[PDB]
Structures are given as C-alpha cells and as structure tokens.
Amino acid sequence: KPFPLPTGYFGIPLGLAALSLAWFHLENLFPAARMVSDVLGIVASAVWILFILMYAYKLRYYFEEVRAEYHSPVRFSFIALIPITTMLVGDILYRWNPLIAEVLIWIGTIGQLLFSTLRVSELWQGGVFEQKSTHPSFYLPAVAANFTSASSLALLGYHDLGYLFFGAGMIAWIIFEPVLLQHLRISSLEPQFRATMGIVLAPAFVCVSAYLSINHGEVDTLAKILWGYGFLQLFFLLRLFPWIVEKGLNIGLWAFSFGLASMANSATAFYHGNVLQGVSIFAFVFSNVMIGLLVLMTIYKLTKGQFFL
C-alpha cells in the first residue's frame, strides 16, 4: 500500500550515522569501539538506502507533495536531512571505500548548498514566512548542513574549504537562534511540533564536533566555550522534557538524536585531549543511553505497525 514517506524519517539514519562516527573516534583509545561503530554504520547506511529509495518513489509518484513541502516556509527544512544524511553515510563509508565516500560527500555538499541558496535566501523576499514559521527545524538547512559539509570535507583533506562551511554554519546559527528563542518565549509551540525542540540541542554540539574535526582534535578555548553553551541547552531541554512530551512519547523524538550523537562525538575529542574527562564519560554514556532508548521505542513502534504513514 503506497504512501508518501514523511521526510522527517531521515532523522533516524542521521542519528545512527552520527553515533557510528562518535564510536569510530573512540577506536584509538578502545579498540572494541570499532565493532560497535561498524554495526551502527551498517544499520544507518541500510536505513538510509531504504529511505532514499522511498523518497525517490515519492518524487516519482507523489511529486506535488514534495513540491508543497519544498515551498512551505516551515516544512522545506526537513528536505535538508537528505543531503545531511548522504554526507554522514559517506563519512561512514570512507573507512571502507574512500572513492564512494567522496562521491556521496560532494553530492551532499553541492546538494545542501544549492538547496539553501535556492530556498533559505528566497525567504528574504518576505510575505510567505510568518512569525509562526520560526521553528527549530530551520536549523537543518541553515546550520546543520553547513557543519556537516565542514566535517565531511575535512575528512577528505579539504581543511580550508571545511572552515568556510564551518563559518557559514556557525554565524548562521548565532544569527537565527536569537529570534527563535524569543519566538518560543512568546508563543507556545504546538504539541505536534514540540519534539522538534530536540533540534535546539544540536547547534553547539554539532558545531564543536565539526570544529574539532577540522582543527585536528585540538580542544581549545573555542571548543570549551561551545561545550558550555551546549550543556546549558541540554539542562534546559531536560527541564522542558515533560512539556515537550505533554501529549505523549512519539517517534518525533529522534529530533534529539543529532545533538545527542554530536555530544558523544565531541566527548571523544575532549577525552582524547584530557579535558574534563569525567564530563566526557558522562556525556558519552548519557547520549548512548538516550539513543538506545529511541531505538527500543522505535522497534516497539514497528512491532505494532505504527512506524510509516
């Protein structure tokens, strides 16, 4: 029974892929991390292939649904999950086949940049985006995609180009967040969108993870500054969690996985650098437990026919 794949489902392979990469970065300290990384990376890649095929089906047979999501000043953002996940799968595959990895990384980089250049800029024409369009999902095309390009290009050796993407993401983040948080303060995000509060966890941690990927894992003043704001936001979101899930636990909670996985990834670098190793251990374990709970809730939802539309 055909259905149009909800684009947000790409957050699942995104979170798993990012978590694979976190474990990969533990390999030199703890060799057993290699197997955990490889298993997460294969599962993420397989889910990504499936969802890419489903989205190709959506494009072929439900094109007007894609067109409507693209032109929406809110829903367009989830499309950025496609190139973001494509790059992360490339990053995973690099351990086995750098040529294929490089192809995926460049496709995702050119894709995300074309996407933002076409759609993010178009918002500045005014009159379509409304105050109520000011949602955490906007971080995906505006911020997360650039950080992912930055870290992926660094992996391929393009450190200076990586810094360009890094800067685009970092400054875009601090330029958007002020108006997002003011909007949230004034207007209550409706329950149907609240799981996307998890995306608010992502910026600082995705930022510092990308930064450390480009700067050879040097845990410097900037990295520590970023981690601090990251943890502030974590604490805030923990306090907000009962409100986030007021209307029940749902699959949208995968929104938190990107920030959680990036907190795990950045923890490996802090630990390697002998900076706040206790905090690093807590962060790494915490993020893995939470993503583990997402996986278990997702298997549960699947073993009952409550997964796809």
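Residue numbers here begin at 1 and follow the sequence given.
A.B. asks: Determine, for stretches 293 to 301 and 6 to 14, which one has the higher mean CA B-factor as deposited.
C.D. replies: On average, C-alpha B-factors are higher across 293 to 301.
A.B. asks: Do the C-alpha atoms of 223 to 231 or of 74 to 82 have the higher average B factor in the entry?
C.D. replies: According to the PDB entry, the answer is 74 to 82.
A.B. asks: So if I compare the CA B-factors in the entry for 275, 68, 39, 261, which one is the largest?
C.D. replies: That would be 39.
A.B. asks: Going by the CA temperature factor in the PDB record, which third of the chain does residue 45 belong to: lowest, middle or highest?
C.D. replies: For residue 45, the deposited C-alpha B-factor lands in the highest third.
A.B. asks: Please place residue 94 in the lowest, middle or highest third of its chain according to the CA B-factor in the PDB entry.
C.D. replies: Highest third, going by the recorded CA B-factors of the chain.
A.B. asks: Pull the Cα B-factor of residue 280 out of the PDB entry and bin it into the chain's lowest, middle or highest third.
C.D. replies: Answer is lowest: the recorded C-alpha B-factor places it there.
A.B. asks: Comparing residue 216 with the other modelled residues of its chain, is its CA B-factor in the lowest, middle or highest third?
C.D. replies: According to the entry, residue 216 has a C-alpha B-factor in the chain's highest third.
A.B. asks: Would the CA B-factor of residue 270 place it in the lowest, middle or highest third of its chain?
C.D. replies: Answer is lowest: the recorded C-alpha B-factor places it there.
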